[PDB]
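What follows is a single chain, given as structure tokens, in the form deposited in one PDB entry.
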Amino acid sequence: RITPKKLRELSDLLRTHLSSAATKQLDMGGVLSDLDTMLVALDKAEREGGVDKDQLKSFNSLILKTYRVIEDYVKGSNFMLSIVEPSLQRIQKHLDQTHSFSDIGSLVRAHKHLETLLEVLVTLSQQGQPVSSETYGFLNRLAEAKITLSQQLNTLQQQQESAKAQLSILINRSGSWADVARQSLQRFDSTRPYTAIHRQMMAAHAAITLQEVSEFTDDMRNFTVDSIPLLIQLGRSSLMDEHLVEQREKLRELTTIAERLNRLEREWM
């Protein structure tokens, strides 16, 4: 499990590279290998908390700040391939997997990692004698991984944008009757005590409520048809754009209203 203590053990490690950088000593195999570790750590931590969102962000920052520095440092025998290949192989296991919107940040980070091994390895090549065939072969495998990955990541963000979009059409439309309906339901719930005659009485109460919202019976049928699948897709995870889980939870409340009123008759009559 990733604990906070582990996380700062790993952070002091990066800072070490950042200083060796500052003073022109950066072990480039060291820092790239170590970065791969950070990525799996941050990945594990992201998906069982145990760590507070304060650090997660500064850790992410600190990773990116290290990538930054590496890009700036590159401007100034198969050794690397040997060190850095494991990372490509692990990241290659993500491509064959199935992705949700909580995975976005993980993939953005992996992409940045391939971006970075590529820039670093082509730079060492463009100057350091002709490239071996093992390295040329790795380089191409890297480029294919980076472009497959960009393609999935773009699919994922493209899909999310359209969920955001769908979300706010449905939120906007609901509110023709959100108001009437919520309040109707509040009145119905507040008044409800078995025998024949108790059943007729509860029937009547429900019929009154159905009447109150009869201008939207139809709309509320159609809403849940549209909104239930969206909610299944968006699921219940804490890990997505904050505004998106906000809108998501707003839609769940709206949907539970309609679904109550769409059920009310078969439930009480």
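For every residue, the number given is its place in the sequence shown, counted from 1. Here the rigid core means the biggest group of C-alpha atoms that line up within 1.5 Å when the two forms are laid on top of each other.
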### Query
Hey, how big is the hole between residue 193 and residue 194 in terms of deposited residues without coordinates: none, 1 to 3, 4 to 9, or 10 or more?
4 to 9
### Summary
Comparing mean C-alpha B factor in the record for 170 to 178 and 117 to 125, the higher one is 117 to 125
### Task
Would you mind comparing 96 to 104 and 180 to 188 for me and telling me which has the higher average C-alpha temperature factor in the entry?
96 to 104
### Message
For the CA B factor values reported in this entry, which option in 200, 209, 217, 58 has the top one?
### Response
58
### Message
Which third, lowest, middle or highest, does the C-alpha temperature factor of residue 259 belong to within its own chain?
### Response
middle
### Query
Is the Cα B-factor recorded for residue 24 in the lowest, middle or highest third of its chain?
highest
### Query
So where's residue 14 on the chain's Cα temperature factor ranking, which third?
lowest
## Note on the structure
Binned into thirds over the chain's modelled residues, the C-alpha B-factor of residue 236 lands in the highest
### residue 266 - which third its CA temperature factor falls in, relative to the rest of the chain
middle
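Missing here is the form deposited in another entry; even so, the following discussion is about that form.
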### Task
Would you indicate which listed residue, out of 239, 56, 40, 64, moves its Cα by 2 Å or more between this form and the one not shown relative to the superposed core?
239
### Query
residue 181: CA shift of at least 2 Å between this form and the one not shown after core fit?
yes
### Task
Tell me, please, whether between this form and the one not shown the C-alpha of residue 208 is shifted by 2 Å or more, with the rigid core used for superposition.
yes
### Message
Superposing on the rigid core, I want to see if residue 260 changes position between this form and the one not shown - specifically a Cα shift of 2 Å or more.
### Response
yes
## Note on the structure
With a difference of at least 3 Å, the CA distance of residue 240 and residue 57 in that other deposited form shows the atoms closer
### Query
residue 240 and residue 94: do their C-alpha atoms lie closer or farther in that other deposited form than in the form you see, with a change of 3 Å or more?
farther
